[PDB]
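Residue numbers (the authors' numbering): 389 to 658. Scroll down for the structure; my scribbles are underneath it.
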Ligand SMILES: NC(=O)c1ncc(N2CCCCC2)nc1Nc1ccc(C2CCNCC2)cc1
Ligand SMILES: [Cl-]
């Protein structure tokens, strides 16, 4: 089924309706399942993914369920290439959504985008599940403007060495705390750091972090104590929240449960 019964999905039940673009593993198409239900169809470019390891982990992701997590519906593994079938998010990638100036966002909307992500992240934390590549590019936006976290944990199965070497051209340097860039120490607290940068992305309407620095310069500078400036759209109270995510000591960073409380406190003042 589609979130019910088997999670090996029959490709014959799928109809391809539009190209959505490409992501980490290549082409993504919009389709319908059994003519009724919208789905996104991730066609996994062969050689890009550690497929056996992912399919085993997919059993684990099938059991995560939260409103603000993009739902994994199943896989199509009986063909070349394999497909991953997920919830359809009609407004696309959060990063691109933020950069479309026509939306004329209120800060009330930006803050709720942060709450959306923080709720998904608190749930993953409660399940001891790291995202490992949290950023605006890995969030999606549905037809109601709701933001949801996507492709949690999938960095573990990326075979492109430019993405997994901390010095590769594609490593999420700008979203990584010093202990990751320096020692490869991943934890819930490196997710917390990334969420702070993600909050800065949102309030910066999708500007790239540290845009005047190369990856290597950024890693050096954040390690010394350089930090992202307060976005003009972020109040002091909002900036204190993202800023708290970038403490030099991991154990001084908050949890996602604390961050959620902090965001809700600010929302409740409106
Ligand atoms: N699960 C999904 O719905 C979904 N997953 C991954 C993904 N992509 C492509 C972008 C890069 C990351 C991988 N796109 C997705 N949907 C999607 C939906 C609409 C658009 C259009 C709508 C008009 N304005 C924006 C463009 C683009 C992408
Ligand atoms: Cl800067």
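Built from N, CA and C at the ideal position, the CB exists for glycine as well.
ask   = So residue 472 is in the beta strand (DSSP E); what residue range does that whole segment cover?
value = 471–475
ask   = Of the residues 631, 523, 634, which one's Cα is nearest the Cα of residue 595?
value = 523
Where residue 653 falls, given that 16 or more other Cβ within 10 Å makes a residue buried = exposed
Cβ-Cβ separation, residue 465 to residue 428 (assumed contact under 8 Å), whole Å = So it is not a contact: roughly 17 Å between Cβ atoms.
query = Any idea what DSSP makes of residue 627, helix, strand or coil?
reply = Residue 627: helix per DSSP, three-state reduction.
query = Given a threshold of 16 other Cβ atoms within 10 Å of its Cβ, counted over all protein chains shown, does residue 511 qualify as buried or as exposed?
reply = buried
key: Element boundaries [beta strand (DSSP E), containing residue 464]   = Start and end: 460–464.
key: Where residue 599 sits in the DSSP three-state scheme   = coil
request  = With a threshold of 16 other CB atoms inside 10 Å of the CB of residue 606, please say whether the residue is buried or exposed.
outcome  = buried
Distance cut-off 7 Å: residue 617 Cβ against heavy atoms of ligand 2 = yes
task = Tell me whether residue 475 counts as near ligand 1, meaning its Cβ is closer than 7 Å to at least one heavy atom of that ligand.
result = yes
ask   = For residue 519, which residues of its own chain have a beta-carbon under 8 Å away from its beta-carbon, when the five flanking residues on both sides are left out?
value = Apart from sequence neighbours up to five positions away, the residues of its chain that approach residue 519 with a beta-carbon distance below 8 Å are 509, 512, 526, 537, 540, 541, 579, 582, ordered along the chain.
query = Since residue 403 sits in a beta bridge, which residues does DSSP pair it with?
reply = 420
request  = Kindly examine ligand 1 and report whether one of its heavy atoms sits closer than 7 Å to the Cβ of residue 479.
outcome  = yes
ask   = In its own chain, which residues sit with a C-beta less than 6 Å from the C-beta of residue 635, not counting the 5 before and 5 after it?
value = 641
request  = Just mark residue 555 as buried or exposed, buried being the case when its beta carbon has 16 or more other beta carbons within 10 Å.
outcome  = exposed
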